[PDB]
Each structure stands twice: as structure tokens, then as C-alpha cells.
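Letter by letter, the chains look like this.
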Amino acid sequence: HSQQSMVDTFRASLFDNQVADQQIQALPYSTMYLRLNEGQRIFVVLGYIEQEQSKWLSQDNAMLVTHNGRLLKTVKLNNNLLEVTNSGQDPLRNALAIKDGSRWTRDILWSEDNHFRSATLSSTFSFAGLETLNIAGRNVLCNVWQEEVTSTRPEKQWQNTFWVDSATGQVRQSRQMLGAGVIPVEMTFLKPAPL
Amino acid sequence: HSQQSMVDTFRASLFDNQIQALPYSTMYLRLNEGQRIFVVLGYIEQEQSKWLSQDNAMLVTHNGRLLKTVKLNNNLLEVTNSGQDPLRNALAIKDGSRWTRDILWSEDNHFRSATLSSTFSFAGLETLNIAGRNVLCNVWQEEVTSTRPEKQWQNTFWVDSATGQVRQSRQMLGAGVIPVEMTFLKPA
């Protein structure tokens, strides 16, 4: 037997009746532009939130789990992020209160070619300045934060970038790896949050 | 900073202020044998069905089995060994099936817990009339017993004879307490 949920029904309709710059601002719910491996941009919608975790759904019904631009888990993709520990200590949890020099240590678990990998990541946030981004035809002033990350065994280091709304703290754009310095992910959050 | 999810929008469209015949699964919910409440299926994850109810309430189930509740007066916080519940394969159920698990719920702001043991026993064939459509079901009675304090009760589940899907269930939110009646309406 099979049931029909509202999320599936209205999600299908969205992709069956579709991006228009005016239609984006007309969508009542949050949406995002996803880019994997510098690949092609795909449209994702925010289906629901559980324990401060935002679950975004694509057309192929793949799922992305995040918290204020930070990627915490993925489902139904070629390669998936399986876990991120000590996520409650991520500075992005209070993006406006991030001080230059913020640090964070956690471990991640991700699959690569159906093989499980993991590593210990330590990073520091560095204020890169102010920047205005145009998203869905609107301007947004962002505090640009550059996260210098270093993992070990093997020793690797890369940089993630997070564009924060200087008034709400909401991340409007982010660039990060899905694993330890591997599988770049780009996300642009279209629906702006008010004060 | 806040976000707008599709569930938030569905809620604003249905409960934000006080229908029928919709393109998705729905359900008639009845608590403590009170008034019938209209519930809808919001989404599914990990084989769990998350229903949406008024006042930001939520009910999680799996083929007729209540597995959790949110934002209600008294909530079912957890049920273990769910993958072993016979309802998982309602058609493969023989008169005398058993199941053991622990439940966690909250009564009048107090948190309680208990280990449950039950056995299924056939109660006869029955035709249910749901949404003007007849449906032949295998009525399954479930004798559940616990201890400290000792207590037992009966759960009744209506399994579609051919589909194996529960279309109506009657059970307790907690140990022998808080009756929950659910009638599942197909999308059509």
C-alpha cells in the first residue's frame, strides 16, 4: 500500500507547473539553489523543520539537511554526508555573534563510492568584510565570513565561505565541502527572512 | 532569523483560522472519545507517517500504529522495537502473534514509562464504510499487558484484506490510558 503526503503532492505540483524571478518571491515557503561539484544548479524547496534542522527536498526527492547554511546531512545522492558531530558548537548557530577568530572542532562521516570515510575537522572563522549579493532580484548586505578548515589523516585544508545577512544573521549563500576537503557544495537561499 | 517551510504554509492554509475531498491521505482523529478532529498527512520519512493537526500538533504513525505525538496535552514520547511490530506486515499476521516493546509518554506533565507485551487475536471479518466506500477488513484484537502497575487492555486494528493497510485503529496513547481512534481516508 502507499499513502500520499501533502509534501509530495504539492512538491510535485511545483515541479510540474514550472526560474521566474517574480515567481520565486511569490513562493510562500523557503527555497534554495543547490550546486554540487561545480555542477548544474538545481531548485530545492524547504519541506519541513525538525529539532532546528531544515530539511530541503529536490525534484528527485533527494534530501539536504542544514542549519543556517551549514550542511549537516544528505540523503539519496551519489555521495552522502552521514554525520557531523558537536554541531551545537557551530558558530553559525549565532551568525551575528560570530567574533573574528571563532573556532570549532567536530568530526564528519561521509560515504564516497559507497565506502565510508571520516575525519576530524578544526576551523577558524575570519571576517572577510562586507558584500552585497543580488538574490532573486534583490539586494542583501552580508557579512562575509571565511572559515579556514583543516582536517587530519591525511592532513588537508580548504576554505568555506558564508554570506550572512548583517541584520538577521541568516546565511543567504554558502560554499563548503561535503566531506573532508572534497565534494564542493554551493547553496543560495532565495527567500529572505524579516526582522 | 526564521524560515518558512511547506508544512508551515500548509498549516497556515488549514488551521491558521476556523475541508474535504483532497489529493492526499487524510485522517479522522478522536482523543479520549471526544470530538472528531480533521488531520492530514504532511510527509513521510524513514517509513514514518507524520500527520498535521490543529494547534501545531503532530502525530507519527506506521500503518495504524501510534509511535509518537507532539504538542498535544499528553504526548507519546517514544516506542521501541518498532521494526518488530506485527502491523509492519499486517497481512502476515496469524492469530497469536506477539510483540514486546517499551513506551514513554507524559501524563499531566508527569513522565511515565512501561514495558509492553501483546498478542494479536482474530476478531472476524468486517466491512468498513469510509468516505462512502466499502472496505473489507481483517479485524485484529491486540491484548496488551504491562506491570508496575499491572494493567491490560485491548487494541483493535482494521487491516485491509488485500492491501494490508490499516484503515482504522483503536489504541491507547499510554499504558492502558488515553484512547486514540484513527480512521484513515485514502486520497481520491
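Within each chain the numbering goes from 1 in written sequence order, not necessarily matching the entry, and residues lacking coordinates are not shown. In the order they appear in the text, chains get letters beginning with A and ligands get numbers beginning with 1. The basis for every side-chain value is the complete set of non-hydrogen atoms in the structure, without hydrogens or water.

Draft legend 1. The interface of chain A and chain B, seen in detail. Any two residues having at least one pair of non-hydrogen atoms within 4.5 Å are treated as being in contact. Counting from both sides, the interface comprises 28 residues of chain A and, opposite them, 28 residues of chain B. Three residues stand out in chain A for area buried against chain B, namely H1, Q3 and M6 of chain A, and they jointly supply 29% of the buried area on that side. Every case where a carboxyl oxygen of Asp or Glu lies within 4 Å of a side-chain nitrogen of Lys or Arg is listed as a salt bridge. Counting across the interface, chain A meets chain B through two salt bridges. With its nearest N and O atoms 2.7 Å apart, the salt bridge here joins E50 of chain A to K50 of chain B. Under this definition, polar contacts are N or O atom pairs within 3.5 Å; protein pairs additionally need one hydrogen-donor-capable and one acceptor-capable atom, and for neighbouring residues in sequence, both atoms have to be side-chain atoms. In this assembly, chain A and chain B are joined by 16 residue pairs in polar contact. By definition, the buried area sums, over both parts, the 1.4 Å-probe accessible area that each loses when the two are put together.

Draft legend 2. The arrangement of a nonpolar patch on the surface in detail. All names here are of chain B. The patches reported here contain residues having more than 30% relative accessible area and no salt bridge. Joining distances are 9 Å for like charges and 5 Å for nonpolar side chains (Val, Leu, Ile, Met, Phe, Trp, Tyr). Areas reported here follow the Shrake-Rupley algorithm with a probe of radius 1.4 Å; residue values treat only the protein chains shown as occluding. There is a patch of nonpolar side chains on the surface, built from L77, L104 and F111 and spanning about 300 Å² of accessible area. The helix and strand labels rest on DSSP assignments: H or I over at least four residues marks a helix, E over at least two residues marks a strand, and numbering proceeds from the N terminus. Residue position: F111 is located in strand β8 (residues 110–130). Overall, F111 belongs to the exposed group, its relative accessible area being 67%. With a 1.4 Å probe rolled over the protein chains alone, any residue whose accessible area is under 20% of its type maximum counts as buried; one over 50% counts as exposed, and the rest are partly exposed.

Draft legend 3. Main features of the packing of aromatic side chains. Note on aromatic pairs: the rings of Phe, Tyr and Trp (six-membered ring only in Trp) are paired at centre separations within 6.5 Å, and the planes decide the class, stacked below 30 degrees, edge-to-face beyond 60, tilted for the rest. Taken as a whole and assessed by the stated rule, the structure comprises twelve aromatic pairs over all chains. Aromatic pair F10 of chain A and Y24 of chain B: ring centres 6.1 Å apart, planes at 45 degrees, arrangement tilted. On the criterion of chain membership, the pair formed by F10 of chain A in helix α1 (residues 6–16) and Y24 of chain B in the loop between α1 (6–14) and β1 (26–31) is interchain, its members lying in two chains. Judged by its relative accessible area of 35%, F10 of chain A falls in the partly exposed class. We classify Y24 of chain B as buried; its relative accessible area is 7%.

Draft legend 4. Fine view of the environment of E126 of chain B. Residue and element names in this part refer to chain B. For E126, the position within the fold is in strand β8. For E126, a relative accessible area of 33% gives the class partly exposed. Along the sequence, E126 and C137 sit eleven residues apart, while their C-alpha atoms lie 5.3 Å from each other. The contact partners of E126, leaving out residues within four places of it in the chain, are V135, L136, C137, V139 and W158. A polar contact is formed between the side chain of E126 and the side chain of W158, at a distance of 3.2 Å.

Draft legend 5. Structural detail: the sheet that holds strand β12 (residues 184–189) of chain A. All names here are of chain A. Only when DSSP finds a minimum of two bridges between them are two strands counted as paired. The strand order across the open sheet built from twelve strands is β5-β4-β3-β2-β1-β12-β11-β10-β9-β8-β7-β6, with neighbouring strands paired in antiparallel fashion. Each edge of the open sheet is held by one strand with a lone partner, namely β5 (70–75) and β6 (81–84). Pairwise comparison of adjacent strand axes, ignoring direction, gives a mean angle of 30 degrees for this sheet. By the bridge criterion, five bridges tie strand β11 (residues 171–177) to β12 in an arrangement that is antiparallel. Bridge assignment links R175 to a residue of β12, and that residue is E186. Geometry is summarised by axes, namely lines fitted to C-alpha atoms with helices restricted to the contacting stretch, and by angles between N-to-C directions that run from 0 to 180 degrees.

Draft legend 6. Inspection of the sheet that holds strand β11 (residues 166–172) of chain B at higher detail. Residue and element names in this part refer to chain B. Pairing is antiparallel across the open sheet formed by twelve strands, whose spatial order is β5-β4-β3-β2-β1-β12-β11-β10-β9-β8-β7-β6. Every other strand in the sheet has two partners, leaving β5 (65–70) and β6 (76–79) as the edge strands with one partner each. When strand polarity is set aside, the average angle formed by the axes of neighbouring strands in this sheet is 30 degrees. Sheet topology places β1 next to strand β12 (residues 179–185); six bridges connect them, and they run antiparallel. Looking at β12, one finds that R30 is bridged to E181. Here α1 sits on the sheet in contact with β2 (36–45), β3 (48–53) and β4 (57–62), set at roughly 40 degrees to β3.

Draft legend 7. Structural context of the pairing of β1 of chain B. Residues and elements named next belong to chain B. In terms of burial, β1 is a largely internal element, five of the six residues being buried. With five bridges connecting them, β1 and β2 associate as antiparallel partners. Directly across from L29, in β2, lies its bridge partner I37. Counted along the chain from β1 to the antiparallel partner β2, the turn is four residues long, and its residue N32 has a positive phi close to 55 degrees.

Draft legend 8. Representation of the side chain of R167 of chain B in the model. Residues and elements named next belong to chain B. Note that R167 resides in strand β11. Despite being buried, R167 has no salt bridge partner; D160 is the closest side chain of opposite charge, sitting 4.9 Å away. Here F184 takes part through its backbone oxygen, which lies 2.7 Å from a polar atom of the side chain of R167. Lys and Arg are tallied as positive, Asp and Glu as negative. Neither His nor the chain termini are counted.

Draft legend 9. Molecular detail of the packing of α1 of chain A against α1 of chain B. Taken N-terminus to C-terminus, the directions of α1 of chain A and α1 of chain B make an angle of 100 degrees; their axes are 11 Å apart at the nearest point. In terms of axis orientation, α1 of chain A runs roughly perpendicular to α1 of chain B. Of the residues in α1 of chain B, those touching α1 of chain A at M6, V7, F10 and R11 of chain A are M6, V7, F10 and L14 of chain B. Residues are grouped as follows: nonpolar covers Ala, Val, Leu, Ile, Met, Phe, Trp, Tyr, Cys and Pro; charged covers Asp, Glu, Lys and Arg; every other residue, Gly included, is treated as polar. A class-by-class count of the residues in the contact of α1 of chain A with α1 of chain B yields seven nonpolar, no polar and one charged. These descriptions rest on fixed angle ranges, namely under 35 degrees for roughly parallel, over 145 for roughly antiparallel, 65 to 115 for roughly perpendicular, and the rest for oblique.

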